[PDB]
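Chemist: One structure coming up, written as structure tokens, with questions to follow.
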Number of protein chains: 14
Amino acid sequence: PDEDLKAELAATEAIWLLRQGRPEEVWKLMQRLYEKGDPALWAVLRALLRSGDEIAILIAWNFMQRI
Amino acid sequence: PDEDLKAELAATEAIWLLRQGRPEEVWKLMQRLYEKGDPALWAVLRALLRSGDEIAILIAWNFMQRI
Amino acid sequence: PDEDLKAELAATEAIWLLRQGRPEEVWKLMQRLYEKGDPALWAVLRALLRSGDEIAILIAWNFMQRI
Amino acid sequence: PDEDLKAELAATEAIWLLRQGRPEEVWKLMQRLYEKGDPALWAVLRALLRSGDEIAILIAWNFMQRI
Amino acid sequence: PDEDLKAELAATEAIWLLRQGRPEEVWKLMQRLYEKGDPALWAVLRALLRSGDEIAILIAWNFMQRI
Amino acid sequence: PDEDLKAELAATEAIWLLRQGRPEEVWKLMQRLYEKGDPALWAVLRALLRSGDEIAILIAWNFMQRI
Amino acid sequence: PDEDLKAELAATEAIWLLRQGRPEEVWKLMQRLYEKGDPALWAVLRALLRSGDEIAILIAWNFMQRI
Amino acid sequence: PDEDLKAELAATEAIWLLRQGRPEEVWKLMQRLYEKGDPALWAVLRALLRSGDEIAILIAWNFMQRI
Amino acid sequence: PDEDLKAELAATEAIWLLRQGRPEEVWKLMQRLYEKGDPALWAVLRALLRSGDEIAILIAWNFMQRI
Amino acid sequence: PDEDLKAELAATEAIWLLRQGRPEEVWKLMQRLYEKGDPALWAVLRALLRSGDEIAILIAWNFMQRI
Amino acid sequence: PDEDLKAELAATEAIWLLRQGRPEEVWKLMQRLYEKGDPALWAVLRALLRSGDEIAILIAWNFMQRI
Amino acid sequence: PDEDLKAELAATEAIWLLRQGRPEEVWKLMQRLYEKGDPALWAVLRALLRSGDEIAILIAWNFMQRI
Amino acid sequence: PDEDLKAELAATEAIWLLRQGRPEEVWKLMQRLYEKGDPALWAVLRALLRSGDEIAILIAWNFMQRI
Amino acid sequence: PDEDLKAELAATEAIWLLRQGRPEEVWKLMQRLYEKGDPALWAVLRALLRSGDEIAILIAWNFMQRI
């Protein structure tokens, strides 16, 4: 399932950007995934919610509140 | 009470879709239940809230916020 | 795998009928599944055997003894 | 003793089919072994009985009840 | 990385204003940072969220809910 | 600092109204404080949030969500 | 997935030959699998490595050292 | 450092392919990284060595033995 | 008291420069504060002395030995 | 099974030569067994590997690395 | 013994390059030391082997295998 | 950061000279580093202060007292 | 058995050279012993393997891998 | 190394003079060692610092403060 690989890679990139302090790029990544209709958006959301970081949690909440 | 059977089946389908990674179909299921006025919507919401899964919980919150 | 969804729904309906006290309807459900050649029959049997209820266990034994 | 190898392979295939959810194919395997007069039938029966799975146990009982 | 120094100073000023009881000035500081496109906004948000103060937490939530 | 006295009195009145079962009057008090630009609004909010009462907490959240 | 069944059977035959004291036949089995390009070679290697038997471990090392 | 992102992605893909049972593709990934001179090869090697999986460990050893 | 804010910011910058490994800039910061007669010099000295870092402690001692 | 007796005798002679300090004769014994195609080679290898002696272990590794 | 100082410096540089993620430069350092006939090569090897890092250990093994 | 490598090497040389009983050479090393304006002077000072050796501590104090 | 004395002396010299930091001389000693056909080579190898020193262990492995 | 003997003798004489209550003679000994450029000065300083006697410690500090 290459879709699962793409989900894993998207979550890895999202958490890396989080660790590098680029919430704007996390938001842009989620935006691109949503615009494409890519299901990896939900893997990114799951990784953000389970990261345990407050900024990531609020990012996930706010992005779910708009899709 | 066939209504209770339908509620059980709706909650089972919703949780199964959740485990299969189809949040979009969970949302569509909730949308159809709401549009038809089916009370099984609340059984689905209860199952989501008690699933213990973050994505399901956020889905339940966001869907209650619109009906 | 929608086959797995159908199996889950069949097992949920069977256990619900059991809880509602309709062994005749459980038997009829198993009969219909067998007539169709539907593999969900085995999911129903597994759920009955693991229910821990004596009536369900005897129903499962007796139905397996005829297929 | 290539007969022991064939018994091992038959039991492995039977338990694999069990894990893959194909009781019909387990039954067909047992039927073929019985038709050929192959002693690996008893290895299959022993593996099913010691698997600890209720469906396998009932399959073993019902098949011994007909040979 | 003088950007990290600016982030540290912004978070220090935000928490100091919090201790001095000026939520309005915290909000104005966040507004200025957002207007300039300064990444120190996220350092301020992180400090507010991890301060453990209810007013700061609500301020952070409400401000993220508008950018 | 008579401003601190006014903050203390506002918080005392808010909590008293809460104990007397007048959420409408708590809301009106917060409304008047906001209209006049009085910083005692934040003391009232802090007292409501730390009261540990569910109605007061929801009142504080909802009022912060509008100013 | 018949590929998984073939992997299981290859590993079972390899470990059986090991228990029967035929390392030459284990090597020939691995050679045949490699010649055919069969992925069951890796299942055989994994079974040998996890067997905990010194001869099997050395066989696995030496065969990986040549493919 | 986008080089660190690429290293993270390469290691994630390598471990995912490992979980999907494609040692051949892990080897091809390492081969491509070596051919291009990409430093992510060492991130892949480190992930394999620390995965705790025997096949990954042997793959890492054998690949380091040829570069 | 904006004087207290300036003291807090001076101490934060001094400890940040310390963490970044710029003792020369810590010394220059103290020199500027002394030249301007700014009381934040003592906040910087206090932060250095309580940092628990040997280099900072010696810097504080040596600078006090000249003012 | 006189083959098992020959394997036992070969392993006994190999370990005795080991205790007598004649690694050259152990190597020559293994060479003769390999040249004749005698399966007792593997019994000797197993005895060396399980002897717990470093020299015997290295001898076994090096000899397997050439057959 | 300036030879001991040079050995210490070579080992420090090797471990630093290891921490900086430059295995290629560790290999080049070892190659230069070997080419010049410098005994600090063995200090580097010892430091790599006792570092407890898997990549360094494999580097040390592979380099000793070629000199 | 080759500056960090130079700092590491300077601290290693300083501590080695300390072990060799050459305080004069430690002082000369610090003098050269100061004359060149090399920031590795502070790494040397930190290593001396954390060495736990009384002579090194006094050397560090006395040298900081003159720069 | 004067050959046992020669083995003891060879092992003592090898371990002494090891303690003196001369791996090249250990290798040359092993080379001379091998060239002359002296059985003390195996005593040297055993002493190196049981020394517990990583460099000695690698030396023993590599030298056995060539004779 | 007769230099080490001379260092030992200088430290012994210094500590003996300390026990005899002649700090002036300790100071004169240090002065002579410094004037002649003898490295035994540092052995004397080390012995004084590690003696645990307050007068010796202050003597060592004050003398290091002048060389």
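Residue numbers start at 1 in each chain; chains themselves are named A, B, ... in the order of the structure tokens; ligands are numbered from 1 in the order shown.
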As a PyMOL selection string, please: every residue in chain C that DSSP puts in alpha helix (DSSP H).
Modeler: chain C and resi 2-19+23-36+40-50+54-64
Chemist: How would the residues just picked look written out with N, CA and C atoms as a short mmCIF file (atom, residue, chain, number, x, y, z; two decimals), in the first residue's frame?
Modeler:
```
data_model
loop_
_atom_site.label_atom_id
_atom_site.label_comp_id
_atom_site.auth_asym_id
_atom_site.auth_seq_id
_atom_site.Cartn_x
_atom_site.Cartn_y
_atom_site.Cartn_z
N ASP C 2 -15.20 -4.87 2.32
CA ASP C 2 -16.60 -4.81 2.72
C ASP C 2 -17.12 -6.17 3.18
N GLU C 3 -16.43 -7.25 2.82
CA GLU C 3 -16.79 -8.56 3.36
C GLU C 3 -16.61 -8.58 4.87
N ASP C 4 -15.55 -7.95 5.37
CA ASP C 4 -15.35 -7.87 6.81
C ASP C 4 -16.42 -7.00 7.47
N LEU C 5 -16.85 -5.93 6.81
CA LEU C 5 -17.94 -5.13 7.35
C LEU C 5 -19.22 -5.95 7.44
N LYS C 6 -19.54 -6.70 6.38
CA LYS C 6 -20.73 -7.53 6.41
C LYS C 6 -20.65 -8.59 7.50
N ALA C 7 -19.46 -9.17 7.70
CA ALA C 7 -19.29 -10.14 8.78
C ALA C 7 -19.53 -9.48 10.14
N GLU C 8 -18.98 -8.28 10.34
CA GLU C 8 -19.17 -7.57 11.60
C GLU C 8 -20.64 -7.26 11.84
N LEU C 9 -21.34 -6.81 10.80
CA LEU C 9 -22.76 -6.48 10.94
C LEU C 9 -23.58 -7.72 11.24
N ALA C 10 -23.28 -8.84 10.57
CA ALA C 10 -24.00 -10.08 10.84
C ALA C 10 -23.79 -10.53 12.27
N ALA C 11 -22.55 -10.46 12.77
CA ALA C 11 -22.30 -10.85 14.15
C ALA C 11 -22.99 -9.92 15.14
N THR C 12 -23.03 -8.62 14.83
CA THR C 12 -23.70 -7.68 15.72
C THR C 12 -25.20 -7.96 15.77
N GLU C 13 -25.81 -8.20 14.60
CA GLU C 13 -27.24 -8.52 14.58
C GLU C 13 -27.52 -9.82 15.32
N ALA C 14 -26.67 -10.83 15.13
CA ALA C 14 -26.88 -12.10 15.81
C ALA C 14 -26.83 -11.94 17.33
N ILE C 15 -25.81 -11.23 17.82
CA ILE C 15 -25.70 -11.06 19.27
C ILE C 15 -26.82 -10.18 19.80
N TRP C 16 -27.29 -9.21 19.01
CA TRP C 16 -28.41 -8.39 19.45
C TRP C 16 -29.67 -9.23 19.56
N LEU C 17 -29.98 -10.02 18.53
CA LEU C 17 -31.12 -10.92 18.61
C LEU C 17 -31.01 -11.84 19.81
N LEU C 18 -29.79 -12.32 20.10
CA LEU C 18 -29.59 -13.15 21.28
C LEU C 18 -29.97 -12.38 22.54
N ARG C 19 -29.51 -11.13 22.65
CA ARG C 19 -29.82 -10.32 23.83
C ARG C 19 -31.31 -10.01 23.92
N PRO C 23 -33.89 -16.69 19.81
CA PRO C 23 -33.08 -17.77 19.23
C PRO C 23 -33.59 -18.25 17.88
N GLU C 24 -34.91 -18.22 17.66
CA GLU C 24 -35.44 -18.63 16.37
C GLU C 24 -34.93 -17.73 15.25
N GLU C 25 -34.84 -16.43 15.52
CA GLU C 25 -34.33 -15.50 14.52
C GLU C 25 -32.83 -15.66 14.32
N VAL C 26 -32.08 -15.99 15.36
CA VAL C 26 -30.67 -16.32 15.18
C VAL C 26 -30.53 -17.52 14.25
N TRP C 27 -31.34 -18.55 14.48
CA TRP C 27 -31.30 -19.73 13.62
C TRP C 27 -31.66 -19.37 12.18
N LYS C 28 -32.68 -18.54 12.00
CA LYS C 28 -33.08 -18.13 10.65
C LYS C 28 -32.00 -17.31 9.97
N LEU C 29 -31.32 -16.45 10.72
CA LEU C 29 -30.20 -15.69 10.17
C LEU C 29 -29.10 -16.62 9.69
N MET C 30 -28.73 -17.59 10.52
CA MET C 30 -27.71 -18.56 10.11
C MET C 30 -28.17 -19.34 8.88
N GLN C 31 -29.45 -19.71 8.84
CA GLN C 31 -29.99 -20.44 7.70
C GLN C 31 -29.88 -19.61 6.42
N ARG C 32 -30.25 -18.33 6.49
CA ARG C 32 -30.16 -17.47 5.32
C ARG C 32 -28.71 -17.33 4.85
N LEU C 33 -27.79 -17.12 5.80
CA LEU C 33 -26.39 -16.99 5.43
C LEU C 33 -25.88 -18.26 4.76
N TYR C 34 -26.24 -19.42 5.30
CA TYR C 34 -25.83 -20.68 4.69
C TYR C 34 -26.42 -20.84 3.30
N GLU C 35 -27.70 -20.51 3.14
CA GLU C 35 -28.34 -20.63 1.83
C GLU C 35 -27.64 -19.77 0.80
N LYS C 36 -27.28 -18.54 1.17
CA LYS C 36 -26.57 -17.66 0.25
C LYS C 36 -25.13 -18.11 0.02
N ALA C 40 -20.10 -14.80 6.11
CA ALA C 40 -20.42 -14.19 7.39
C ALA C 40 -21.02 -15.19 8.37
N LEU C 41 -21.49 -16.34 7.86
CA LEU C 41 -21.97 -17.41 8.73
C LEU C 41 -20.92 -17.78 9.77
N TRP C 42 -19.65 -17.85 9.37
CA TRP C 42 -18.60 -18.24 10.30
C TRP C 42 -18.31 -17.16 11.32
N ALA C 43 -18.44 -15.88 10.93
CA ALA C 43 -18.32 -14.81 11.92
C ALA C 43 -19.44 -14.90 12.94
N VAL C 44 -20.66 -15.19 12.48
CA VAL C 44 -21.78 -15.37 13.40
C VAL C 44 -21.51 -16.52 14.36
N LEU C 45 -21.04 -17.65 13.82
CA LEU C 45 -20.72 -18.80 14.66
C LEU C 45 -19.65 -18.46 15.69
N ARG C 46 -18.61 -17.75 15.27
CA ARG C 46 -17.54 -17.38 16.19
C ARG C 46 -18.06 -16.48 17.30
N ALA C 47 -18.89 -15.50 16.95
CA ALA C 47 -19.46 -14.61 17.96
C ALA C 47 -20.33 -15.39 18.94
N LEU C 48 -21.15 -16.31 18.43
CA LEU C 48 -21.99 -17.11 19.32
C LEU C 48 -21.14 -17.95 20.26
N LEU C 49 -20.10 -18.59 19.74
CA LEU C 49 -19.27 -19.45 20.58
C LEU C 49 -18.52 -18.65 21.63
N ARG C 50 -18.09 -17.43 21.31
CA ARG C 50 -17.36 -16.62 22.27
C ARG C 50 -18.27 -15.74 23.12
N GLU C 54 -24.96 -20.01 27.21
CA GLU C 54 -25.15 -21.43 26.96
C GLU C 54 -26.06 -21.67 25.76
N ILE C 55 -27.12 -20.88 25.63
CA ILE C 55 -28.04 -21.07 24.51
C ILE C 55 -27.33 -20.81 23.19
N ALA C 56 -26.52 -19.75 23.12
CA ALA C 56 -25.77 -19.45 21.91
C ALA C 56 -24.79 -20.57 21.58
N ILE C 57 -24.11 -21.10 22.61
CA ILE C 57 -23.15 -22.18 22.38
C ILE C 57 -23.84 -23.40 21.80
N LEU C 58 -24.97 -23.80 22.39
CA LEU C 58 -25.70 -24.96 21.87
C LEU C 58 -26.23 -24.70 20.47
N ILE C 59 -26.67 -23.47 20.19
CA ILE C 59 -27.14 -23.13 18.85
C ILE C 59 -26.00 -23.30 17.85
N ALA C 60 -24.82 -22.81 18.20
CA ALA C 60 -23.67 -22.91 17.30
C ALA C 60 -23.32 -24.37 17.05
N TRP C 61 -23.25 -25.17 18.11
CA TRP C 61 -22.96 -26.60 17.95
C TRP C 61 -23.97 -27.26 17.03
N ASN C 62 -25.26 -27.08 17.31
CA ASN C 62 -26.29 -27.75 16.54
C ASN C 62 -26.29 -27.31 15.09
N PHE C 63 -26.02 -26.03 14.82
CA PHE C 63 -26.02 -25.58 13.44
C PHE C 63 -24.80 -26.09 12.69
N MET C 64 -23.63 -26.11 13.33
CA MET C 64 -22.47 -26.70 12.68
C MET C 64 -22.70 -28.18 12.39
#
```
